[PDB]
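Next come the chains, spelled out residue by residue.
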Amino acid sequence: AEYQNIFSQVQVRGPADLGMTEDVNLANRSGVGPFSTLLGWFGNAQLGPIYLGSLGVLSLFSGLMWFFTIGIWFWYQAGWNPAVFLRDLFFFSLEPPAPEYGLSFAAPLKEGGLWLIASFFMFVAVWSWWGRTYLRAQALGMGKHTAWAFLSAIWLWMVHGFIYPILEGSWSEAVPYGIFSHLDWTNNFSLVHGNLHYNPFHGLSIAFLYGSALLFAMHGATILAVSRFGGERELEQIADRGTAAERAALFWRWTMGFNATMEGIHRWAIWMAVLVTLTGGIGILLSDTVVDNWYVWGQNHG
Amino acid sequence: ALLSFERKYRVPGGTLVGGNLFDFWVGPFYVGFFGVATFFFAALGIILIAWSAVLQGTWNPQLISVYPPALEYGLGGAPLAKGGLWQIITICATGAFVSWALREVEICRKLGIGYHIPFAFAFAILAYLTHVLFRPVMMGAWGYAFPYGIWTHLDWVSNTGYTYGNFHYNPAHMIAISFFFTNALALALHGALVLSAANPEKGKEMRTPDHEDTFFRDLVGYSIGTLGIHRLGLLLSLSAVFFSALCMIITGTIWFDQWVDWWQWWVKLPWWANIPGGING
Amino acid sequence: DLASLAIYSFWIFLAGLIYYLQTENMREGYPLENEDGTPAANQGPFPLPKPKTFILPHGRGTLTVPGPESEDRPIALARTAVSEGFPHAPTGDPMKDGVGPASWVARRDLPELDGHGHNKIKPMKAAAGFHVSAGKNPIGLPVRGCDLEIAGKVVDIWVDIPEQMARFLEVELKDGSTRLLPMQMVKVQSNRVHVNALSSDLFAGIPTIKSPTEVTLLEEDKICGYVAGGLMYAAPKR
Ligand code: BCL
Ligand code: BCL
Ligand code: BCL
Ligand code: BCL
Ligand SMILES: CC[C@H]1c2cc3[nH]c4c(c3C)C(=O)[C@H](C(=O)OC)c4c3nc(cc4[nH]c(cc(n2)[C@@H]1C)c(C(C)=O)c4C)[C@@H](C)[C@@H]3CCC(=O)OC/C=C(\C)CCC[C@H](C)CCC[C@H](C)CCCC(C)C
Ligand SMILES: CC[C@H]1c2cc3[nH]c4c(c3C)C(=O)[C@H](C(=O)OC)c4c3nc(cc4[nH]c(cc(n2)[C@@H]1C)c(C(C)=O)c4C)[C@@H](C)[C@@H]3CCC(=O)OC/C=C(\C)CCC[C@H](C)CCC[C@H](C)CCCC(C)C
Ligand SMILES: [Fe+3]
Ligand SMILES: [Mn+2]
């Protein structure tokens, strides 16, 4: 039997590589953390350092408040009782304000107003955060690829709890922070607009999600069978092809009628997925406002 | 008909069976015994897919569809039209994913690399099998499987799920869902990185596998590093699918009731089980 | 309606992405060559993209693809048949010759750098502060081939300084010289390193490095490659 380089067989360490530097302000860099012999069987064993700018704080700060505001209220419902808390942990839920309030900011604390608070923070913490991944990429004079891909999500997120909700007139159309509740919220939304198996921008999103699990499953299996040729180094194969990428290639082209490259395969991917939340943000964005039943429209196509 | 660097490879060998007999190409397509096989099965299949569309009385694809043998047949033979074909059409579909897997193997041998690929692939095979071979035999009835159809199999999913109410509650199916989510978040990145390392701001030198790392670390205080990621991925997926196949082999055989119910066991725990307040008191 | 519109228009958007994608993936390997290396008739439906330029680092230059395709070397292979798509016999010894599974590429005779500009791949004994931090250390351990005979021993491990990772095992052969082996192709155990790929007697054949403290990209390929090839040409002894 052979080595499947799934986990390394030997670990090795050296000092801490405090990372490149370029324009980055090393002042906001943190001190390095410890090395785990754990992650080490899988990937790096090095933890840290971490760049916490002003933005890094903001985002994280609102990040908690958000997460906290949800805690308080869960504590309220459990009647300040721990065991309860631990028992009904999943059924608790901070629901949006009521349909009557529509899109107003008067909603009484106990009915929506605490749900608004929490969202307010989540926004800020999601946008400020996106933002960081920009700058960091900039401090690295690197491709805003990442900063873009992420947006793709913020997309779906933005529709799911702000765009769509503003288009149906009321806060009561958004999702509630809850573990089982939102689960259902989904289910209902499915039934409330014909069946979603029909909404095509949903049939599509399925495709990609699925697709990303098909692709990624490949790229990895692949890279792995051609590491014994220093293939993991996709970067330096790009700039100076090796037998790694050649072999990566011919296997697929002798298999499925074609092939990618080492830079390329990375663009397939990137999209293959960026599109799950893209097609989506649409799909949902349409059901109800532009199409009240999806089965129907599966008959007329208008 | 060949890539610029294709010739220095096309040597003979790599055959698991038949020797050189089928050791050759056709278009950029490798062949081998299994190349053939998946041809045999595929065709034979596409054909019995045409007989049921006539026996069905239509040639619109979205409409075409072939159905399992109804519950009444059990786990035995069924008249063509009512399951019979569905049965041979599955056989074929099977022999062709399998063949298609082995051929891949021969390739990993002529190209002398890893078996990571077909291996990986063997999972989606499994996932398939569960559907048309495992779950059914335990629930004792072919019928329980899905219908090969463009929308009919969708409805096969829609009703089967709801047979257990909201399916979100089947927990094994929560798991499966997480992976199908991260995985994708993964590829999302790998691709954003690699490419944000490889296509820097205009005017600068390619970046380095070193820059990649620094990113994340300065972003989420950690890097799994280029080999790991590519390992992470293999897992995120194979798992995501390992589990699905799981939450289905259990639905109807060991848990068949309301899924959402299952979850009582937790709230119905001695200590807190009674206490008043919350949502279950 | 707005929904029909949007669903078509996406299709269009989707087609065009496919394009862009497909092309982008041809900056290498393309154009196709006939079985004698002369351009091909049918280049398919997709065109060669307009060349793009990579500004390599550490002044090592520029890369521009699509570029002028060159194997840059001799291929000891000949047709076994009259018509196309057949195998291509190895005139001699595929191992030495650099063909098939053993094939190796003409990549710069330079080594991979890290991002600071100092040699990416170094050998432990010179790697400052680098030690084995976990697992069965193979240093001093005996190397056994596929025929089950000893062939040398381990004297050092080379490591990816930046990615703190292990990629090779400097092996000292019977004749006092060393050969590098591909981690990913060895199976360290309790009392021995076991290489399935090669048998004792071919260990020598493993190509050598000019510098003992660094290895050039071109150099890695030749090794691994040779190593690989072992899987199929070394089988009559394994
Ligand atoms: C996983 C749980 C359910 C299931 C649930 C769903 C759900 C839910 C959805 C689909 C959807 C799809 N499913 Mg399904 N599907 C199942 C099992 C299968 C099997 C099988 C052999 O078991 C097949 C071929 C398919 C195929 C398909 C696609 C036609 C379509 C998705 C596109 C996609 O993302 O592809 C991923 C892979 C690729 C893009 C690769 C390219 C290969 C293409 C897709 C092959 C098409 C083959 C054609 C159907 C068969 C031709 C055979 C003839 C003999 C020539 N499903 C099981 C039973 N499927 C989606 C849909 O309805 O879209 C309109 C959708 O929303
Ligand atoms: C029973 C209900 C319906 C149904 C109803 C819906 C509904 C309703 C929706 C989907 C949506 C989706 N469905 Mg569905 N769906 C059904 C059946 C299926 C089947 C199947 C095989 O049967 C499949 C494959 C799918 C697949 C999919 C996906 C393609 C898509 C979601 C992508 C995603 O990952 O979003 C998840 C990704 C994100 C949320 C990314 C954004 C990340 C955010 C911003 C991060 C927040 C972080 C937080 C602040 C921090 C937390 C951690 C901190 C440490 C605290 N559905 C059934 C039939 N489906 C969604 C869609 O958009 O459809 C068009 C959607 O709205
Ligand atoms: C698009 C379709 C639906 C939808 C459909 C589904 C479906 C279907 C499933 C989930 C599941 C989950 N969904 Mg959801 N989900 C939607 C919108 C959201 C929103 C939001 C702000 O809009 C959030 C925070 C979540 C969050 C979650 C997770 C709790 C859980 C998945 C784990 C996972 O894969 O993690 C991946 C995470 C990462 C890669 C990031 C790391 C973050 C870590 C793991 C911490 C997460 C903490 C969690 C969010 C805390 C919740 C408690 C707070 C008090 C609110 N969903 C929309 C409305 N969701 C799955 C489940 O079963 O859960 C139990 C599941 O099956
Ligand atoms: C109301 C319905 C229920 C529900 C009921 C079910 C049920 C019931 C099932 C799933 C299953 C799945 N569900 Mg669900 N599911 C729901 C909601 C969701 C949501 C969501 C966001 O709401 C999500 C993300 C999912 C996600 C998922 C997936 C994890 C999983 C299917 C993937 C898989 O492994 O396929 C398996 C993949 C394969 C079989 C494909 C293998 C490839 C084959 C062999 C090759 C085909 C080749 C082709 C014919 C030829 C191509 C060649 C041509 C020339 C091109 N569900 C709701 C709540 N879900 C399924 C599962 O777990 O399956 C195991 C399942 O049975
Ligand atoms: C195709 C789209 C895919 C995708 C992409 C994606 N997600 C992304 C990105 C991208 C490209 C990011 O750049 C961003 C990221 O940063 O990723 C690493 C992100 C991200 N995707 C996330 C989640 C996520 N993505 C998902 C999905 C997907 N993401 C898709 C598959 C899903 C699911 C399950 O479908 C989830 C849950 C986030 C983790 C992350 C963006 C982070 C964010 O928005 O944060 C706001 C800030 C907070 C929540 C801060 C507080 C966190 C804790 C509550 C703190 C409390 C404890 C701590 C110990 C306290 C310490 C205190 C100190 C004082 C000591
Ligand atoms: C972790 C599991 C994930 C995964 C992995 C995966 N798929 C893989 C591999 C791997 C590792 C491959 O190596 C292999 C490949 O080579 O891909 C390029 C493949 C592959 N995954 C494929 C499809 C596929 N994978 C899917 C999913 C997934 N694959 C998961 C997300 C799905 C979805 C989303 O459901 C599909 C459709 C194939 C394109 C390809 C393998 C090629 C192949 O099997 O070819 C031979 C094909 C035939 C012989 C087709 C004809 C068959 C019969 C004669 C008739 C048709 C019968 C069938 C029942 C009809 C169904 C109709 C529906 C409408 C109901
Ligand atoms: Fe990659
Ligand atoms: Mn509505």
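Chemist: Summarise helix α9 (residues 243-253) of chain A; cite the residues concerned and give the values.
Modeler: Most of α9(A) is tucked away: 11 of the 11 residues are buried. Among the residues of α9(A), those classed as buried are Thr243(A), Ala244(A), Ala245(A), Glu246(A), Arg247(A), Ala248(A), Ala249(A), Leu250(A), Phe251(A), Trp252(A) and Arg253(A). Where α9(A) is buried, its residues contact α7 (200-225) and α8 (234-238) of chain A, β2 (29-30), α2 (80-110) and α3 (116-138) of chain B together with α3 (217-233) of chain C.

Chemist: I'd like a rundown of the site of ligand 3, residues and numbers included.
Modeler: Around ligand 3, the neighbouring residues are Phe67(A), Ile70(A), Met122(A), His160(A), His182(A), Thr186(A), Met174(B), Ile177(B), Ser178(B), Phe181(B), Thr182(B) and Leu185(B). In this structure, ligand 3 is bordered by residues of chains A and B. The set of elements that each furnish at least two residues to the shell around ligand 3 consists of α1 (54-77) and α6 (181-191) of chain A together with α5 (172-198) of chain B. Sorting elements by how many residues they give to the shell around ligand 3 places α5(B) first, with 6 residues. Taken together, the residues of the shell around ligand 3 sort by class into 7 nonpolar, 5 polar and no charged.

Chemist: Give me the domain arrangement of chain A: which residues, what numbers.
Modeler: Residues and elements named next belong to chain A. Annotation of chain A at the domain level lists domain 1 (54-191) and domain 2 (200-286). Here the C-alpha centroids of domain 1 and domain 2 sit 32 Å apart. Listed as interface residues are 11 residues of domain 1 and, on the opposing side, 9 residues of domain 2. Carbon and sulfur atoms make up 76% of the area that domain 1 and domain 2 hide from each other, which totals about 870 Å².

Chemist: So, the pattern of salt bridges: which residues are in play, and what are the values?
Modeler: The final tally for this structure, using the stated rule, is 32 salt bridges over all chains. With its nearest N and O atoms 2.8 Å apart, the salt bridge here joins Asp201(C) to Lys237(C). Taken together, the residues span a long stretch of sequence, with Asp201(C) in the loop between β11 (193-194) and α3 and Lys237(C) in the segment after α3 at a distance of 36 residues. Taking relative accessible area as the criterion, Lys237(C) reaches 41% and is therefore assigned partly exposed. When salt bridges that share partners are traced, they join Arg241(A), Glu246(A), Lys8(B), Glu28(C), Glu69(C) and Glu71(C) into one network.

Chemist: Describe the interface of chain A and chain B, with residues and values.
Modeler: Listed as interface residues are 99 residues of chain A and, on the opposing side, 94 residues of chain B. On the surface where chain A and chain B come into contact, there are 4 salt bridges. One salt bridge connects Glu22(A) with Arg207(B), and the closest N-O pair in it is separated by 3.7 Å. Scanning the region where chain A abuts chain B turns up 49 residue pairs in polar contact. When contributions to the side of chain A that touches chain B are tallied by element, the ones reaching two or more residues are α2 (82-87), α3 (109-139), α4 (145-160), α6, α7, α8, α9 and α10 (265-274) of chain A. It is α7(A) that provides the largest number of residues to the side of chain A that touches chain B, a total of 14 residues.

Chemist: Residues and numbers for the side chain of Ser99(B), please.
Modeler: Structurally, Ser99(B) can be placed in helix α2. With residues near it in sequence (within four places) discarded, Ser99(B) still touches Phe34(B), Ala37(B), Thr38(B) and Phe41(B).

Chemist: A description of the UniProt feature "binding site: (7R,8Z)-bacteriochlorophyll b" in chain A should follow, citing residues and the corresponding values.
Modeler: Residue and element names in this part refer to chain A. UniProt feature "binding site: (7R,8Z)-bacteriochlorophyll b": in the numbering of this structure it lies at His-182 and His-202. Tracing the sequence through the fold places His-182 in helix α6. Leave out the neighbours within four places in its chain, and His-182 touches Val-175 and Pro-176. For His-202, the location among the structural elements is in helix α7. Classification of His-202 as partly exposed rests on a relative accessible area of 25%.

Chemist: Go over the site of ligand 2, please, and point to the residues and values.
Modeler: Near ligand 2 there are 21 residues, and of these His160(A), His202(A), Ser205(A), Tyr210(A) and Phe181(B) occur at the shortest range. Around ligand 2, the neighbouring residues derive from chains A and B rather than from a single chain. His160(A) places a side-chain nitrogen or oxygen 3.2 Å from an oxygen atom of ligand 2. Counting residues per element, the ones that place at least two in the shell around ligand 2 are α4, α6, α7 and α11 (276-286) of chain A together with α4 (152-162) of chain B. Residue contributions to the shell around ligand 2 peak at 5 residues, all from α7(A). Its residues assigned to classes, the shell around ligand 2 shows 13 nonpolar, 8 polar and no charged. Shared between two domains, the shell around ligand 2 holds at least three residues of each, these being domain 1 (54-191) and domain 2 (200-286) of chain A.

Chemist: Give me the lowdown on the nonpolar core, citing residues and values where you can.
Modeler: In this structure, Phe251(A), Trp254(A), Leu181(C) and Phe203(C) are the most contacted members of the largest nonpolar core, which totals 74 residues. When contributions to this core are tallied by element, the ones reaching two or more residues are α7 and α9 of chain A, α2, α3 and α7 (225-249) of chain B together with β8 (150-160), β9 (166-173) and α3 of chain C. For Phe203(C), the residues in contact, after removing those within four places along its chain, are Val143(C), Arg144(C), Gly145(C), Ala151(C), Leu173(C), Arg179(C), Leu181(C), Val195(C) and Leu198(C). Grouped together as the second largest cluster of nonpolar side chains are 35 residues, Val159(A), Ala213(A), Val276(A) and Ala3(C) included.

How each quantity is defined
- Residues numbered from 1 in each chain as written, not as in the entry; some residues may be left out.
- Chains lettered and ligands numbered in written order.
- Heavy atoms only, no water.
- Buried < 20%, exposed > 50% of the residue type's maximum accessible area, 1.4 Å probe, protein only.
- Helix = DSSP H or I, 4+ residues; strand = E, 2+ residues; numbered from the N terminus.
- Contact = heavy atoms within 4.5 Å.
- Near = heavy atom within 4 Å.
- Nonpolar A, V, L, I, M, F, W, Y, C, P; charged D, E, K, R; others polar.
- Domains from an automatic or database assignment.
- Buried area = accessible area lost by both parts, 1.4 Å probe.
- Salt bridge = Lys/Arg side-chain N within 4 Å of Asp/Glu carboxyl O.
- Polar contact = N/O pair within 3.5 Å; in protein donor to acceptor, adjacent residues only side chain to side chain.
- UniProt positions renumbered as here; feature names shortened; annotations may be inferred.
- Core = buried A, V, L, I, M, F, W, Y, C linked by side-chain atoms within 4.5 Å.

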